[PDB]
């Protein structure tokens, strides 16, 4: 089942409110045709260059950042082009991205919330319609809607009374979330 980690700072927030606010602040990195600048709005893979166990991206305007973890593959110019696919196990949100391929991995200096055991598996043939792609490209674009939808389904599968409209404290009482120090 989904497992959620959250700083006690967010104990009284709903998941939906936290994610809406986090993504709005992160913003859109404008990873779109004509606007991609390597080292500015591409993010990076570990070990990379275009595959690995992590993909991480910091905002173009502040130190907010996220890390996607799993077994990830990116097609770049190969068909179907510009698709992230593979197995997505986790999304960690916070600020101050540390590490990189030269460090052996990425980590957030201030991890606010993480969602693990996501169990999302997207074949390459689904291209940009795959869930893995939509979740991560959404986050790159400042839009947590796809992530919210996947969390909501995982929470309902535990119990239909649980949803993205539950608070982190409610999800902890329900056995799917645990707090970390502020």
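Residue numbers count along the first chain shown, from 1.
Which is higher on mean Cα B factor in this entry, 42-50 or 131-139? Averaging CA B-factors over each stretch, the winner is 42-50.
Which is higher on mean Cα B factor in this entry, 33-41 or 147-155? On average, C-alpha B-factors are higher across 33-41.
Select one of 101, 76, 92, 88: the residue whose C-alpha shows the highest B-factor in the crystal structure entry. In the PDB entry, the greatest C-alpha B-factor among 101, 76, 92, 88 is found at 101.
Highest recorded C-alpha temperature factor, please, choosing from 125, 120, 113, 56. By C-alpha B-factor in the record, 120 ranks first.
Based on the deposited C-alpha B factors for this chain, I'd like to know if residue 18 is in the lowest, middle or highest third. It belongs to the lowest third of the chain when residues are ordered by C-alpha B-factor.
Considering only modelled residues of the same chain, in which third does the CA B-factor of residue 96 rank: lowest, middle or highest? For residue 96, whose C-alpha B-factor we compare with every modelled residue in the chain, the answer is the highest third.
Where the record places residue 162 (Cα B-factor, split into thirds across the chain): For residue 162, the deposited C-alpha B-factor lands in the middle third.
Looking at the entry's B-factor column for C-alpha atoms only, identify whether residue 174 ranks in the lowest, middle or highest third of its chain. According to the entry, residue 174 has a C-alpha B-factor in the chain's highest third.
Comparing against every modelled residue in the chain, figure out the third that the C-alpha B-factor of residue 64 lands in (lowest, middle or highest). Middle third.
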